[PDB]
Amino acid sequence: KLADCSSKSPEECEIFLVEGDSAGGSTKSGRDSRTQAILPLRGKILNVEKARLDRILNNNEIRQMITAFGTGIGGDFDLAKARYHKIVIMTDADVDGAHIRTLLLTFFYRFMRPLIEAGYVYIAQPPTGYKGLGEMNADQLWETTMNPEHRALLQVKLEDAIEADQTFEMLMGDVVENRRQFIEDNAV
């Protein structure tokens, strides 16, 4: 499923976690095949905060990311075994893109935490509008979000470990009621 880059030098390599197959196709043509790898995401990823480890580890989408990062997870997590020094979350500029993005960050924080602490994880910044990713051509798609000289990335930083742990458990945990509250409290 993943289309890898030709380079085997992690420090200059970067992988893009793209939403939907149609965008994953065009990103695969517009990319810089030397440095940039594309791992498509065919929809709504597993929420690992609600799944038990046997269901998480058997989950194909999750299984493909672990292999593609090649660091392993849990107590067997080595930052030196990483194949990419930039992991970029690239989702549509709509609310479902936002959701996928929350699901990925949940996986990462719960299983590859020191991958966030090192600043390896990034959020892509596609063009705002009604049009999504699968609707752009490969070239305007390369230029707007993938080209290092013109692109804008959001480097993900973990500033407060204890506060985040409380944030993931509320938003994505299995207790619904605390979620509801947060919605009603901030609903605009």
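Quick note: we count residues from 1 along the sequence shown, nothing fancier.
- Averaged over Cα atoms, the B-factor as recorded in the entry is higher for 54 to 62 than for the other of 54 to 62 and 38 to 46.
- Of the two segments, 109 to 117 and 74 to 82, the one listed with the higher mean B-factor is 74 to 82 (C-alpha atoms only).
- Within the selection 12, 177, 21, 174, the deposited Cα B-factor values reach their highest point at 12.
- In the deposited entry, the Cα temperature factor of residue 162 sits in the top third of values across the chain's modelled residues.
- Per the PDB record, residue ranking by Cα B-factor puts residue 186 in the middle third of the chain.
- When the modelled residues of the chain are ordered by their C-alpha B factor, residue 149 lands in the highest third.
- Ranked by Cα temperature factor within the chain, residue 143 sits in the highest third according to the deposited record.
- Split the chain's modelled residues into thirds by C-alpha temperature factor. Residue 156 is in the middle one.
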